[PDB]
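# Descriptive structure summary
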Amino acid sequence: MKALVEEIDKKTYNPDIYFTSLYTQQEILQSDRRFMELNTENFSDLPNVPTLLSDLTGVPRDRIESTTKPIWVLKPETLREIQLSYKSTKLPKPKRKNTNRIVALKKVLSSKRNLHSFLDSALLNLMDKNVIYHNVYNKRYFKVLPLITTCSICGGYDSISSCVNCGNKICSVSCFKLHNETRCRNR
Amino acid sequence: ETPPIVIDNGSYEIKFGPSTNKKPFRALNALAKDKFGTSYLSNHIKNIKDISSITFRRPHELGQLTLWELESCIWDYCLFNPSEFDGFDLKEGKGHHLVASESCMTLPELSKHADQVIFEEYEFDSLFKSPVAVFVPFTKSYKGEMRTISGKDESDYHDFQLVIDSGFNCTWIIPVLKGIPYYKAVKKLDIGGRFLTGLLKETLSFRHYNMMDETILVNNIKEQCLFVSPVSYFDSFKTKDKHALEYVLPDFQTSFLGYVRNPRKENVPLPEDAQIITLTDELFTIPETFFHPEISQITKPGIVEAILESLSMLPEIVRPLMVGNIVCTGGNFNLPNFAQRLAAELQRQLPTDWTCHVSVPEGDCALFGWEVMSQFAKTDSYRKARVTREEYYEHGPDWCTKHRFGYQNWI
Amino acid sequence: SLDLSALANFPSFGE
Amino acid sequence: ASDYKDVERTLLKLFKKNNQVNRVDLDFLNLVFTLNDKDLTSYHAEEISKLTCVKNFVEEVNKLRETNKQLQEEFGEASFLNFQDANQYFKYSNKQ
Amino acid sequence: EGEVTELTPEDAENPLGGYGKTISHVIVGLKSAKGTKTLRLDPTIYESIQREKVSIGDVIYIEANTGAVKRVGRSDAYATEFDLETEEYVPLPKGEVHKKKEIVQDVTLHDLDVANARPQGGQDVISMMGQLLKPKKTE
Ligand SMILES: Nc1ncnc2c1ncn2[C@@H]1O[C@H](COP(=O)(O)OP(=O)(O)OP(O)(O)=S)[C@@H](O)[C@H]1O
Ligand SMILES: [Mg+2]
Ligand SMILES: [Zn+2]
Ligand SMILES: [Zn+2]
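Residues numbered from 1 in each chain as written, not as in the entry; some residues may be left out. Chains lettered and ligands numbered in written order. Part of a larger assembly, values for the part shown. Heavy atoms only, no water.

Its PDB header attributes the entry to cryo-EM and lists the resolution as 3.3 Å.

What follows deals with the overall build of chain A. Of regular secondary structure, chain A possesses eight helices and two strands. Ordered by position in the sequence, the α and β elements of chain A form the string α-α-α-α-α-α-α-β-β-α. Overall size of chain A, expressed as C-alpha extent along the three principal axes, is 105 × 40 × 35 Å. Relative to its 187 residues, chain A shows a buried fraction of 29%. Summing over all exposed atoms, chain A offers an accessible surface of approximately 14,100 Å²; the carbon and sulfur share of this is 56%. Averaging the positions of the 30 positive and the 18 negative side-chain charges in chain A gives two centres separated by 15 Å. (Helix = DSSP H or I, 4+ residues; strand = E, 2+ residues; numbered from the N terminus. Buried < 20%, exposed > 50% of the residue type's maximum accessible area, 1.4 Å probe, protein only. Areas by Shrake-Rupley, 256 points an atom, 1.4 Å probe, with all protein chains shown as cover. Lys, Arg positive; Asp, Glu negative; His and termini not counted. Charge placed at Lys NZ, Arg CZ, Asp CG, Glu CD.)

Time to look at the packing of aromatic side chains. Throughout the structure, instances matching the rule amount to 36 aromatic pairs over all chains. Between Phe376 of chain B and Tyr382 of chain B, the aromatic rings sit 5.7 Å apart at their centres with planes inclined by 85 degrees, giving edge-to-face as the arrangement. An aromatic cluster of three or more residues is present, and its members are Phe128, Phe135, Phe138, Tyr157, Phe376, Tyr382 and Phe405 of chain B together with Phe13 of chain C. Geometry around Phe206 of chain B places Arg183 of chain A over its ring, the cationic atom sitting 4.1 Å from the centre. (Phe/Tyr/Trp six-rings, centres within 6.5 Å; stacked < 30°, edge-to-face > 60°. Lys NZ or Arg CZ within 6 Å of the ring centre and 35° of its normal.)

Right, let's talk about the UniProt feature "binding site: Zn(2+) 2" in chain A for a bit. All names here are of chain A. In the numbering used here, UniProt assigns the feature "binding site: Zn(2+) 2" to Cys163, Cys166, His179 and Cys184. Sequence-wise these annotated residues cover 22 residues; spatially they are packed, their C-alpha atoms never more than 10.5 Å apart. Mapped onto the secondary structure, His179 falls in helix α8 (residues 173–183). Residues within four places of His179 in sequence aside, it is in contact with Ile153, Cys163, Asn165, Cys166, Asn168, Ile170 and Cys184. Relative to the elements of secondary structure, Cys184 occurs in the segment after α8. The class for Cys184 is buried, based on a relative accessible area of 9%. (UniProt positions renumbered as here; feature names shortened; annotations may be inferred. Contact = heavy atoms within 4.5 Å.)

A few words now on the coordination of the zinc ion (ligand 3). All names here are of chain A. Looking at the zinc ion (ligand 3), the protein donor atoms are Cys151 (SG), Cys154 (SG), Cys171 (SG) and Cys175 (SG), and they sit 2.3 Å from it. Considering all four donor atoms around the zinc ion (ligand 3), angles at the metal cover 106 to 113 degrees and the coordination shape is tetrahedral. Between consecutive donors of the zinc ion (ligand 3), the numbers of intervening residues give the motif C-x2-C-x16-C-x3-C. Under the relative-accessibility criterion, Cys151 is labelled buried at 4%. (Donors = N, O, S within 2.8 Å, 3.2 Å for Na, K, Ca; no water. Tetrahedral: all angles 85-135°; square planar, octahedral: opposite > 155°, others 65-115°.)

Here we take up the coordination of the zinc ion (ligand 4). Residues and elements named next belong to chain A. In this structure, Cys163 (SG), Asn165 (OD1), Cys166 (SG) and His179 (NE2) serve as the protein donors to the zinc ion (ligand 4), at separations of 1.9 to 2.3 Å. Considering all four donor atoms around the zinc ion (ligand 4), angles at the metal cover 90 to 124 degrees and the coordination shape is tetrahedral. Ordering the donors of the zinc ion (ligand 4) by residue number gives the pattern C-x1-N-C-x12-H. Residue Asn165 is classed as partly exposed on the basis of its relative accessible area of 30%.

Next up on the list: the sheet that holds strand β4 (residues 58–63) of chain E. Residue and element names in this part refer to chain E. On the basis of which strands lie adjacent, the open sheet formed by six strands has the order β3-β2-β1-β4-β5-β6 and mixed pairing. Each end of this open sheet is capped by a strand with a single partner; those strands are β3 (35–41) and β6 (89–90). Pairing analysis gives seven bridges linking strand β1 (residues 2–11) to strand β2 (residues 23–32), with the strands arranged antiparallel. When the sheet's bridge partners are listed, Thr8 is paired in β2 with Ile27. (Pairing = 2+ DSSP bridges.)

We now examine the site of ligand 1. Residues and elements named next belong to chain B. Surrounding ligand 1, one finds 15 residues, the nearest of these being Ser11, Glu13, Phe168, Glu223 and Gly331. Between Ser11 and ligand 1, the recorded distance is 2.8 Å, taken from a side-chain N or O atom to an oxygen atom. At a separation of 3.0 Å, an oxygen atom of ligand 1 approaches a polar side-chain atom of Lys222. Within the complex, 88% of the 660 Å² of free accessible area of ligand 1 lies under protein. (Near = heavy atom within 4 Å. Polar contact = N/O pair within 3.5 Å; in protein donor to acceptor, adjacent residues only side chain to side chain.)

Moving on, we come to a nonpolar patch on the surface. Residue and element names in this part refer to chain D. A contiguous nonpolar surface patch, about 540 Å² in accessible area, is contributed by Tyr4, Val7, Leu11, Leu14 and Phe15. Note on placement: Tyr4 falls in the segment before α1 (5–21). You can call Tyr4 exposed: its relative accessible area is 57%. (Patch = residues over 30% accessible without salt bridge, like charges linked within 9 Å, V, L, I, M, F, W, Y side chains within 5 Å. Salt bridge = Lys/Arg side-chain N within 4 Å of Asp/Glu carboxyl O.)

This paragraph deals with the interface of chain A and chain B. In this assembly, 68 residues from chain A lie in contact with 87 residues from chain B. Taken together, the two surfaces of chain A and chain B that pack against each other cover about 7,300 Å², and 59% of this comes from carbon and sulfur. On the chain A side of the contact with chain B, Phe35, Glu41 and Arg101 of chain A bury the most area, a combined 10% of that side's loss. Linking chain A to chain B there are eight salt bridges. Measuring nitrogen to oxygen at the nearest pair gives 2.3 Å for the salt bridge that ties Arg101 of chain A to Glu120 of chain B. The tally of links from chain A across to chain B stands at 27 residue pairs in polar contact. Elements that contribute at least two residues to the side of chain A that touches chain B include exactly α1 (25–39), α2 (49–57), α4 (76–85), α5 (100–108), α6 (115–120), α7 (126–134) and α8 of chain A. (Buried area = accessible area lost by both parts, 1.4 Å probe.)

Turning our attention to the packing of helix α2 (residues 108–121) of chain B against helix α14 (residues 397–404) of chain B. All names here are of chain B. Across the interface, α2 lies against α14 with an axial gap of 8 Å and an inter-helix angle of 115 degrees. Crossing angle aside, the handedness with which α2 passes α14 is right-handed. For the pair formed by α2 and α14, the contact residues are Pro108, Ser111, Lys112, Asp115, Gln116 and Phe119 on the first element and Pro397, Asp398, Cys400 and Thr401 on the second. Looking at the contact of α2 with α14 residue by residue, the class counts come to four nonpolar, three polar and three charged. (Axes fitted to C-alpha atoms, helices over the stretch in contact; angles between N-to-C directions. Left-handed = near helix turned anticlockwise from the far one by under 90°. Nonpolar A, V, L, I, M, F, W, Y, C, P; charged D, E, K, R; others polar.)

Looking now at the nonpolar core. Within the largest apolar cluster, 72 residues are counted, with the highest numbers of intra-cluster contacts made by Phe291, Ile303 and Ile307 of chain B. The dominant element in this core, judged by the number of residues it contributes, is helix α8 (residues 303–313) of chain B, at six residues. In contact with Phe291 of chain B, other than residues within four places in its own chain, are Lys143 and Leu145 of chain A together with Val228, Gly302, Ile303, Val304, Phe338, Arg341, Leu342 and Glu345 of chain B. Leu31, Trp75, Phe80 and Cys400 of chain B belong to the second-largest nonpolar core, a separate cluster that totals 55 residues. (Core = buried A, V, L, I, M, F, W, Y, C linked by side-chain atoms within 4.5 Å.)

Bringing the pattern of salt bridges into the picture now. Per the counting criterion, the structure on display carries 37 salt bridges over all chains. The partner of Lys238 of chain B in a salt bridge is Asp158 of chain A, with the nearest N and O atoms 2.7 Å apart. Here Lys238 of chain B, found in helix α6 (residues 233–238), pairs with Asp158 of chain A, found in the loop between α7 and β1 (161–162), and the two come from separate chains. The class for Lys238 of chain B is partly exposed, based on a relative accessible area of 44%. If you follow the salt bridges from partner to partner, you end up with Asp58, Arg71, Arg74, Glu81 and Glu87 of chain E in one network.

Spelled out as structure tokens, the structure:
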């Protein structure tokens, strides 16, 4: 049943250790980059994320490009495409005249510049950028609901165990085989 | 004299129509191109047959309306064309009252450009624009029909109201105090319908064959069969098989768009050439990212935490009344059981003294914003608050966005 | 009570 | 008897659920009085019985209740409707 | 009854106020299906909490009639905190945190007589040894 007498070596035995045998900044940056990658709609726009994320988060672009592993939009051809789209519309009645304000209107109606340029533009002041992007996010309450961990393969929760190789969670023999064959990253 | 024209300039679809009209129209504001290069505009996207790899281009880059060319193109298509939209025709624009909407946090320069174009390129007589949450308090002025649920059981505007605007871009927590939102308590939850679609993309690409390019297909899949767990994630996972549904993949010879079947209910046999995709866990695990972003490996906080922080930043005396008068709107809220779960989870965190009353409009929740905006447009408050064309001409371009519309006045 | 005095001074859709 | 411990645990767990719910604490209601002889004294017990503070509780309850009556007179028609005023909600919270 | 969210013992404003530890009231926050409530408890209840080994997240049960603290178990919220742990996970209590209920029982007079003759109180060695003894009928 139970051994009332146990042999211990003074050098080896210690209660602090029992043994028998036969987010970091980079991590949160990677997770945020994954979220922004998953946000975009068009697949062709996937490799355009790093510039926008560098503009938003503020980290240098080369650092996110190198350390973090993932997974110029308008032309005169866009004007031609707009011209082809004109055929659907039916009833315009235009007229214009020239002045400085009209020149400004023309510049606005011929921008063809991206949100990255606006964010990088010096006209957007520091506190304006702060309120527009950083202030709206949560700053005090970070997690009030419980933390729920699920199977990385099928989302199950009845049984949970961590794979020996990379430390990610699985739940069953079938999920074990699936992870080992296709999902395991570090091997 | 003419009734005002009301437009909801959403980043995904544009709701518009005369204030006299009962229900608005639709305009999916996006210029799309196919694999072979043919282009489609606005509602013509519904007419595509090769749905496989169509690319969407939109003017709202990240909720901010940047590229004005196509925005003007879709405005022209939606307003001027009378053939498609039931004979409605905006003849000249001059002498027409326009009330619009915009993202609650727009850059001052971008809002300046917006006001400039909408005032001088189109020459409207008067204009009023603000986020939809600003128009929400005016539900008191009309006899609305909105179902409400309390979390503790199984002079033309309301002074205190809290609006949860979950749309395509982001989910907003906008508490409005007597009409002006308390912009310091405005909190942005980055999770939204676009991210929900992307998450469905990734999950379906892993669990089943690669659907990483079928954007409209997955959008329809999200449209037809999705739900938040009525009780909790564990409860839905226990009964995953009972509530399972199967989705019929598109058949180009018979139906350009797919459809969902209920296996339990008796229905017609499928032809043998039809491929079927079963959904057993992605039905509920995808919407759960609103409450538990950790499930999809997202570091961002959830909706309940955002609401709690927004309440915290509010003045102490008004925050319980703000809790009691929370109203939900936006495209995402029409998926079943979201309002009930929001109410229950919010009540579980508040002190027992307070009670939360959650009211969500019936029917398509996307049309609610336009409805309340139009009903506000036909009130004396709109007559007082509107800015006239000559008044705009009197001031510099920055004046309108810095004083009468934009957040720069209330910050 | 004084918070109510502070609250009543908030803008009410005017300026 | 070591092999029978699991059965004992199962049976005790089965019985506790019904035992705990619908029982009246006889110790609380002074129905059990055989331990009192060990730690209590006759004159001390009778003095504590004489020195009970029911009157203070009743007078404080009546004072609070008359304050509530005055507050209800000031407020008027009380209702549990959805709150749109700080004054009304604050007064209702004070009442509750 | 509810799930423990906070436990913040407070000391007296002055060290001379009390003896030894000089422990004042304890503040406990309980969570239920209908909300949360912050309670102010006597130091005796704090001692009971310590005896029952209650930590944050455990579902507890306090009787204001007697001052008895019971540990129902661990909340289902923290079910997946550890993949292997011996804890009786229980759901969050329904209703309000502070529920008042009227309990009615039918008991015979012989039940009261037996309760007085063989009381179950006491945690001494003698008390436990008597508990182990057979319950022989007595006059
Ligand atoms: N039945 C539905 N189930 C789930 N999602 C839906 C459903 N119907 C519509 N949606 C989504 O709801 C959104 C509708 O867009 P809106 O709520 O109108 O946002 P928007 O106002 O157009 O753009 P914003 O305001 O700048 S975020 C889209 O993301 C749709 O995919
Ligand atoms: Mg919208
Ligand atoms: Zn699994
Ligand atoms: Zn692994």
